[PDB]
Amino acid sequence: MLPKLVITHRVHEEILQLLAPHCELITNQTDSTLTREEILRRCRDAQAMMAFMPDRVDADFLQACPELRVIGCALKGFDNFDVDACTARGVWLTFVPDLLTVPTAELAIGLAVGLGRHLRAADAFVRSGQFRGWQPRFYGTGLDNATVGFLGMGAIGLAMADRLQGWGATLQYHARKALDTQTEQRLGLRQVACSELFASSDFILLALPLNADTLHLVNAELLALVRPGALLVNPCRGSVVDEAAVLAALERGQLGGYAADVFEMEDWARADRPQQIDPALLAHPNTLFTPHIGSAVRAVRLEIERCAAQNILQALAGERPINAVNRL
């Protein structure tokens, strides 16, 4: 009787082969996301769960799954997992601290450039077959000589700052805690107040987790302070911004653009979670969107799955998992 491991989404064959000698595998080798009800059913007598972005684990889920020893998350932002409840029940919660960082930072910079330069409309125009040569059109905003503000300066904030080093921009950030002097000085980063960040940045790049303190942090009040025409890029979590306030800011022309890889409709732990992205936001010309593909780099996804798998195996062997989010 090997301990039962429920894997909620498809995994590489290499990962199944890695886990097989140690676990009874209850797998979902399809392209689909299963219902919460079905996931809960599978986990009833499970000793381990490998969880992904669409998964949500609350105190009630854990209570109904009394044999769970570890939830190994194949992600960085564990906002949909009740860590406190995991700890109270003696359940390890693990994440993937580094592997998602660089692919997400690359995408965020791609979105900043694409948004500033009208990539969406530009490509549509060429693809229409109507291109006849250069025109005095599609004039946009570049990074050279601009001020770029980072909200949050953890892994992704740092990775984005690294990647903007040759770009002729003035870099500033707001964080809860100051970056160490050497890193600040290396990256040419200046620490500013949150309001100052919004008032003086031409590009605003969000790099915050979603928690109680950051929920709707980017609200109407804060957006009212932005330089007219400022560009906002959200590769972190949807609910860090109030998308309705963002749309309003775009429509009044105070916000020059919004680019996002993440959306409020994805934040399952919210009882009042928006069920869709507002069609008016989707239709706005000053936007650029991606469907949570921040870590969707082909080579990286096997490594992410492997990280989660190794953490799960450590927990099942009675070790402290290397990437445990909590302490028991």
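Numbering starts at 1 and follows the sequence shown.
Comparing average C-alpha B factors as deposited, tell me which of 223 to 231 and 160 to 168 sits higher.
Stretch with the greater average CA B-factor: 223 to 231.
With respect to the recorded C-alpha B factors, which stretch has the higher mean value, 72 to 80 or 172 to 180?
Mean B over CA atoms: larger for 172 to 180.
Could you say which of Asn286, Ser295, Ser32, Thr290 has its CA atom at the highest B factor, as listed in the PDB entry?
Spelled out: the listed residue with the top C-alpha B-factor is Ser32.
Determine, from the deposited record, the chain-internal third of the Cα B-factor for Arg237: lowest, middle or highest.
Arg237: CA B-factor falls in the lowest third of its chain.
Compare the C-alpha B factor of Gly154 with those of the other modelled residues in its chain, then answer lowest, middle or highest third.
As the PDB entry reports it, the C-alpha B-factor of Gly154 lands in the lowest third of its chain.
Ranked by Cα temperature factor within the chain, is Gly90 in the lowest third, the middle third or the highest third?
CA B-factor rank for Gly90: highest third.
Can you work out whether the C-alpha temperature factor of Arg127 puts it in the lowest, middle or highest third of the chain?
Middle third - that is where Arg127 ends up once the chain's C-alpha B-factors are sorted.
Per the entry's values, where does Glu251 land by CA temperature factor relative to the rest of its chain, in the lowest, middle or highest third?
Ranked within chain, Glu251 CA B lands in the middle tercile.
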